[PDB]
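Quick note: numbers below take in every heavy atom, side chains included, and nothing from hydrogens, waters or symmetry partners. This chain uses plain numbering: 1 for the first residue, then up along the sequence.
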Amino acid sequence: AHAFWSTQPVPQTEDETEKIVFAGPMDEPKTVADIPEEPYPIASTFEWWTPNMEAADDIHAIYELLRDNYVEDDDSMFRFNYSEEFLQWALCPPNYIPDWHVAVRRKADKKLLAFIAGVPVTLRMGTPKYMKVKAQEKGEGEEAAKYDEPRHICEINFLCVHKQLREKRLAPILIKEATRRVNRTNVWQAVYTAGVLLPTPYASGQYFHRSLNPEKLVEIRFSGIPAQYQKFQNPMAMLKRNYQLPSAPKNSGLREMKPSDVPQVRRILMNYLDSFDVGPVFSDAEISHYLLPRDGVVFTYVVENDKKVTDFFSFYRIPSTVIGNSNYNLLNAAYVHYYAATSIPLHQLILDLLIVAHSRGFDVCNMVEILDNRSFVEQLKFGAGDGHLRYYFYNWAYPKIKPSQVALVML
Ligand SMILES: CCCCCCCCCCCCCC(=O)SCCNC(=O)CCNC(=O)[C@H](O)C(C)(C)COP(=O)(O)OP(=O)(O)OC[C@H]1O[C@@H](n2cnc3c(N)ncnc32)[C@H](O)[C@@H]1OP(=O)(O)O
Ligand SMILES: NCCCC[C@H](NC(=O)[C@H](CO)NC(=O)CCCCCCCCCO)C(=O)NCCC1CCCCC1
Ligand SMILES: [Mg+2]
């Protein structure tokens with residue numbers, strides 16, 4: 001079945017994943033000094049390249065590769081169009097390792113053919129709550145607790161092979177070279193996500209979509225006028241009315257996040273995320289980086305009561321190219337990012353996210369059913385789409401968990 005993934009330290013089947021009762025590594029313990037110091041062999045017409053990520057042409061080259069060759073929906077109607085500013089943000093968090101950004105170029109002309117990115121993340125990835133209970137029952141609490149400490153690992157994103165090089169076994173070479181560069185820095189696990197099923201996810205959830213500009217979504221066939229609307233004399237205007245939103249936020253204490261909010265947002269986010277089995281731990285510099293507003297990229301608002309931050313929400317922007325429509329080239333999507341509510345119901349916090357996104361010209365708001373996102377689906381009129389996001393670890397056995405026990409938002 002899997003000539004590459006059968007050779008890797010990952011659970012090989014659902015049945016095997018069903019058998020896992022404790023968190024912990026899969027592979028032989030190794031040491032840095034055992035890992036090759038030379039780059040993995042590659043054919044003589046290609047070369048490895050480490051882009052500099054904060055330098056504009058290098059970001060542009062990766063931008064072009066992903067604009068033309070990154071993920072599409074299953075019908076090849078939309079392709080992500082991550083911006084250059086978004087990629088500089090996502091790939092350069094505090095203390096990022098430049099060497100974990102890996103590219104293949106054609107040696108002759110320096111054409112970018114393939115890319116993968118790794119960034120640091122500190123992740124809680126110890127045995128989950130339901131499995132710690134069974135451990136107590138059986139007198140196995142010490143082994144269930146062994147890997148409780150948050151670990152400094154690699155978060156992978158943006159794997160892409162140019163369309164002309166597909167199914168030539170180039171993705172395994174890129175994945176082995178990234179693994180080598182991460183292991184040479186004494187890091188032995190990774191976390192990654194994909195829309196496709198690979199061996200073997202520890203969690204899976206559907207995507208949900210909240211229509212903000214239904215007339216455009218219908219015109220570009222992102223959504224339709226649903227068959228039920230045919231009972232109406234005028235199906236589209238009913239649909240506009242259905243999804244209409246206030247022109248201004250309803251929580252009076254809401255404002256954009258500023259730098260002096262960082263310690264309070266860190267505190268309330270960290271305390272909220274402790275309720276999930278798998279989630280990130282962020283320093284003040286990582287809260288600053290991932291949450292302070294950046295135009296066109298990330299948008300963050302706080303609710304301030306009596307000069308204290310009591311709630312906040314964030315969303316990020318990823319446009320998609322619309323492949324072939326005569327009226328529109330781009331789908332402007334907002335994605336639910338981190339949030340925490342302590343003074344109001346979550347639905348009432350996230351209604352203001354929808355309000356602000358619509359005010360700023362977003363067409364749809366998207367999310368996976370991680371965090372407590374299911375708690376506001378029905379009242380805020382999100383509907384399930386056709387895709388899923390699957391969560392995976394490299395070199396980590398982990399019991400299957402529900403997606404509502406996952407607190408890591410992937411960009
Ligand atoms: C400790 C540090 C560890 C660091 C690394 C941790 C692991 C990170 C792992 C990567 C996480 C990435 C997270 C994301 O970014 S998920 C998004 C991935 N990108 C896209 O979908 C963009 C469009 N497609 C492509 O660019 C190509 O189709 C890709 C690059 C996906 C595959 O190229 P191609 O189609 O030309 O195929 P090949 O002949 O070269 O290679 C075939 C082999 O590739 C296996 N395959 C197919 N799709 C994926 C996939 N999404 N993750 C992992 N493996 C995948 C496949 O099962 C087969 O192996 P096996 O079935 O024969 O065994
Ligand atoms: N195939 C035809 C177009 C479907 C468009 C949309 N689907 C997605 O965007 C899907 C997600 O659903 N996207 C994809 O499948 C592509 C991405 C999948 C994940 C890739 C992640 C890579 C991660 C790297 O770390 C969708 O279903 N829209 C329906 C909206 C509707 C609004 C009214 C209420 C009901 C819903
Ligand atoms: Mg290939």
Side-chain angles (χ1 to χ4, degrees), residues 48-71 79-105 110-122 152-162 174 177-178 181-182 185 187 190-193 256-259 261-262 265 280 282-301 314-321 330-338 357 360-362 366 408-411:
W48 299 112
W49 177 45
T50 298
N52 172 0
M53 267 340 170
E54 312 202 276
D57 174 74
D58 288 11
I59 296 163
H60 182 80
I62 295 320
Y63 162 82
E64 189 170 296
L65 176 75
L66 297 176
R67 179 192 67 207
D68 301 335
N69 308 275
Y70 201 46
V71 181
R79 185 164 50 248
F80 289 122
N81 186 12
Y82 288 88
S83 72
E84 291 161 272
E85 299 83 346
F86 188 112
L87 291 164
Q88 183 171 10
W89 175 64
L91 297 181
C92 305
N95 307 309
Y96 86 101
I97 294 100
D99 202 46
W100 289 7
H101 302 158
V102 184
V104 176
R105 300 199 301 200
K110 300 179 167 59
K111 182 155 181 66
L112 189 53
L113 298 172
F115 181 66
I116 192 175
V119 298
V121 64
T122 303
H152 294 278
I153 68 160
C154 175
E155 176 178 308
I156 292 283
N157 202 353
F158 302 117
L159 172 64
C160 180
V161 168
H162 194 285
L174 221 200
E177 176 64 10
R181 293 179 178 204
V182 169
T185 66
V187 171
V191 58
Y192 56 103
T193 55
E256 278 183 293
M257 186 182 170
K258 59 191 173 171
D261 296 328
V262 162
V265 167
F282 292 130
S283 64
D284 281 347
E286 285 161 344
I287 293 290
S288 297
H289 181 84
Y290 282 116
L291 301 173
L292 282 176
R294 293 190 182 203
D295 296 339
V297 173
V298 58
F299 304 82
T300 307
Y301 294 75
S314 179
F315 65 95
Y316 53 90
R317 172 169 183 275
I318 308 167
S320 286
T321 299
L330 233 56
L331 168 64
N332 190 21
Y335 288 78
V336 178
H337 196 208
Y338 296 103
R360 287 174 172 271
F362 289 91
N366 297 334
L408 178 69
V409 181
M410 285 215 206
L411 303 176

Heavy-atom distance under 4.5 Å between the side chains of [X] and [Y], does that happen here?
| X | Y | result |
| --- | --- | --- |
| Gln88 | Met53 | no |
| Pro120 | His152 | no |
| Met410 | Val191 | yes |
| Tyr192 | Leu159 | no |
| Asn332 | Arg317 | yes |

Does the gap between the ring centers of [X] and [Y] come in under 6.0 Å?
| X | Y | result |
| --- | --- | --- |
| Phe80 | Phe86 | no |
| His101 | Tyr96 | yes |
| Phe282 | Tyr290 | yes |

**Asked** What residues, two or more places apart in sequence or in another chain, satisfy side chain to side chain contact (heavy atoms under 4.5 Å, CB included) together with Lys111?
**Response**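 Per chain and number, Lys111 pairs via side chain to side chain contact (heavy atoms under 4.5 Å, CB included) with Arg106, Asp109, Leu113, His162.
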Minimum heavy-atom distance between [X] and [Y], given as atom pair plus value:
| X | Y | answer |
| --- | --- | --- |
| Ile156 | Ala190 | CG1-CB, 4.2 Å |
| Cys160 | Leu66 | CB-CD2, 3.6 Å |
| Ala114 | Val161 | CB-CG2, 4.0 Å |
| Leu291 | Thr300 | O-OG1, 2.6 Å |
| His289 | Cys92 | CE1-O, 3.3 Å |
| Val409 | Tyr338 | N-OH, 3.0 Å |

Calculate, to the nearest 0.5 Å, the distance between atoms [atom1] and [atom2] belonging to [X] and [Y] respectively.
| X | Y | atom1 | atom2 | answer |
| --- | --- | --- | --- | --- |
| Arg67 | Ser83 | CZ | OG | 12.5 Å |
| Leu65 | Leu87 | CG | CG | 10.5 Å |
| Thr122 | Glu155 | OG1 | CD | 10.5 Å |
| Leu91 | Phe158 | CG | CZ | 5.5 Å |

**Message:** For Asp284, is the CG atom crowded, meaning more than 12 foreign heavy atoms sit under 6.0 Å from it?
**Reply:**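 For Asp284, atom CG is crowded (more than 12 foreign heavy atoms under 6.0 Å).
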Side-chain polar contacts of residues 56-64 - donor-acceptor pairs under 3.5 angstrom, sequence neighbours left out - could you list them?
unit_1: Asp58; atom_1: OD2; unit_2: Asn52; atom_2: N; d: 2.7
unit_1: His60; atom_1: ND1; unit_2: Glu84; atom_2: OE2; d: 3.2
unit_1: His60; atom_1: NE2; unit_2: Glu64; atom_2: OE1; d: 3.4
unit_1: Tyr63; atom_1: OH; unit_2: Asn81; atom_2: OD1; d: 2.9

Look only at the side chain of [X] and the backbone of [Y], and say whether a donor-acceptor pair between them is shorter than 3.5 Å.
| X | Y | result |
| --- | --- | --- |
| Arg79 | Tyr70 | no |
| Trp48 | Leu174 | no |
| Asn157 | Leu411 | yes |
| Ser314 | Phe299 | yes |

**Request:** Report the C-alpha distance between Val104 and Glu177 in whole Å, list the side-chain angles of each, state the deciding distance to 0.1 Å, and finish with yes or no for side-chain contact (heavy atoms from CB on, under 4.5 Å).
**Result:** CA-CA 10 Å; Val104 176; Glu177 176 64 10; over 6 Å; no
**Request:** Would you please classify the geometry between the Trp89 ring and the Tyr316 ring as parallel, tilted or perpendicular, with 30° and 60° separating the classes?
**Result:**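 Ring orientation of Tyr316 relative to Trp89: tilted.
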